[PDB]
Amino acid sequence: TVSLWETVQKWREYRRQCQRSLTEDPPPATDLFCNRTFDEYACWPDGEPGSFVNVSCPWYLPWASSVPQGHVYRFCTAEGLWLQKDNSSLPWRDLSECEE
């Protein structure tokens, strides 16, 4: 079965690829776009204001082959801030499609 160390190595590469994108991807059309980020789980691109942002289930997941068309979601508000969880500075995310 899939080991911790195999999963850590894949995560490190996912992170490396994400950091490359964060650095190299060109600026968004306006500063009202929400900002790209790596949140330790997924690599988020800039977001259009007032829209859902979707990215593929992270490929380092042990069960990635069982969620090949799954997406995780954030919502980018019209103010250029990611939608936040109540009582929290943390962003709302829906990762239900990527669960084992």
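Here the rigid core means the biggest group of C-alpha atoms that line up within 1.5 Å when the two forms are laid on top of each other. Note that residue numbering follows the sequence shown and begins at 1.
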*When the core is superposed, where do the C-alphas shift more in 8 other deposited structures of this protein: in 36-44 or in 23-31?*
23-31
*in 8 other deposited structures of this protein, superposed by the rigid core, which stretch departs further from the shown form in CA positions, 88-96 or 12-20?*
88-96
*Averaging the C-alpha B factors as listed in the entry, name the stretch that ends up higher: 84-92 or 5-13.*
84-92
*23-31 set against 51-59, stretch whose average Cα temperature factor tops the other in the entry*: 23-31
